[PDB]
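Only one chain is given next, in structure tokens, and it is the form deposited in one PDB entry.
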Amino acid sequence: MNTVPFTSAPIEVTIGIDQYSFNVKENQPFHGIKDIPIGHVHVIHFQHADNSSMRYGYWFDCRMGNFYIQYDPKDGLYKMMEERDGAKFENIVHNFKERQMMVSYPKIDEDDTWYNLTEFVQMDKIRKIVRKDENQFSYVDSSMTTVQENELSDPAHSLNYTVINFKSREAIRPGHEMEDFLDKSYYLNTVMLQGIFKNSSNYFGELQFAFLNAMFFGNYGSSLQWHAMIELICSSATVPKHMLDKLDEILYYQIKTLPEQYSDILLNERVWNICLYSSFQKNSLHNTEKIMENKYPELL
């Protein structure tokens, strides 16, 4: 089990650790988070009391180094940092654990929610889109834009999600115009699966990554991307049976976890009613369609 120590909490903030979150009062004696399950990626994120504008966050994997949090009053935020001095870190953590100034990552043992939300999310892969390579962790916020969003204005602070575009030469073989637009199997399987990700785990990873940035930060381009990657599968007549079944599970946990009051903005009616009732895979998403209909029947 691993630990993210905080130097201090100088301002009132709501703090998130994966799907958990708790309130820290301005200059409450707080020194961070313990018992973090090893073996998964994790995300720690922030919403100041004083400006609910700007949710922001750090993706990190404890196996890749020792990481702490420290408020920066110049720039005004909780910054993630790496401690390279190993014995200095262990000693700091022990002293704060002893004084019991840390909240325990509260995992119930029946609960596989996090793994189910993060199965194919990888830290070297996230770094292929949130380019900031001097650091082993990756910063995201609400207002970062995607590479494709800038094609329609700062590239270093962008989310280079894989570019999907259904009316594109990449997506449309010449002379199969109608075949390829109505049935995107060739885009999905050859261009994307074989050509880009290499495999479905990778494709599912980016899609999982897409959704969490959308849910955690309200990143609008992230949610366009999750929906796009969903749409490309739903709109393909020929999908490996293992892909479809894994997708049904993935979407099932995504839906289950979504806050019940955030759905209006984070769910696209068109994509889902297509996936679930018009597309080729209307029959194939049994778990996701049951949970959609019992929880958000309004959207349909």
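For the two forms, the rigid core is made up of the largest set of C-alpha atoms that agree within 1.5 Å on superposition. Just count from 1 along the sequence shown to find any residue number.
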Higher-deviation stretch (C-alpha RMS, rigid core fit) in 9 other deposited structures of this protein, choosing from 91 to 99 and 123 to 131: 91 to 99
Comparing 30 to 38 with 260 to 268, which has C-alphas lying farther from the shown form in 9 other deposited structures of this protein once the core is aligned? 260 to 268
Size class of the missing deposited segment between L152 and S153: 4 to 9
Stretch with the higher entry mean CA B-factor, where the candidates are 20 to 28 and 283 to 291: 20 to 28
139 to 147 versus 222 to 230 - greater average Cα B-factor per the deposited record: 139 to 147
Highest Cα B-factor in the deposition, which of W59, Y56, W272, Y252? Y56
Top Cα B-factor in this entry, restricted to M81, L117, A156, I172, sits on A156
Going by the entry, which third of its chain does the Cα temperature factor of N268 land in? lowest
Among the modelled residues of its chain, the C-alpha B-factor of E179 falls in the third labelled lowest
Compare the C-alpha B factor of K107 with those of the other modelled residues in its chain, then answer lowest, middle or highest third. highest
Of the three thirds of the chain ranked by Cα temperature factor, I196 occupies the highest
Per the entry's values, where does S168 land by CA temperature factor relative to the rest of its chain, in the lowest, middle or highest third? lowest
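Omitted here: the form solved in complex with a small molecule. The next part is about that form.
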In the deposited bound form, does each of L188, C234 and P240 have a heavy atom within 4.5 Å of the small molecule? no
Under a 4.5 Å heavy atom criterion, is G65 part of the interface with the small molecule in the deposited bound form? no
Any of the heavy atoms of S278 lying within 4.5 Å of the small molecule in the deposited bound form? no
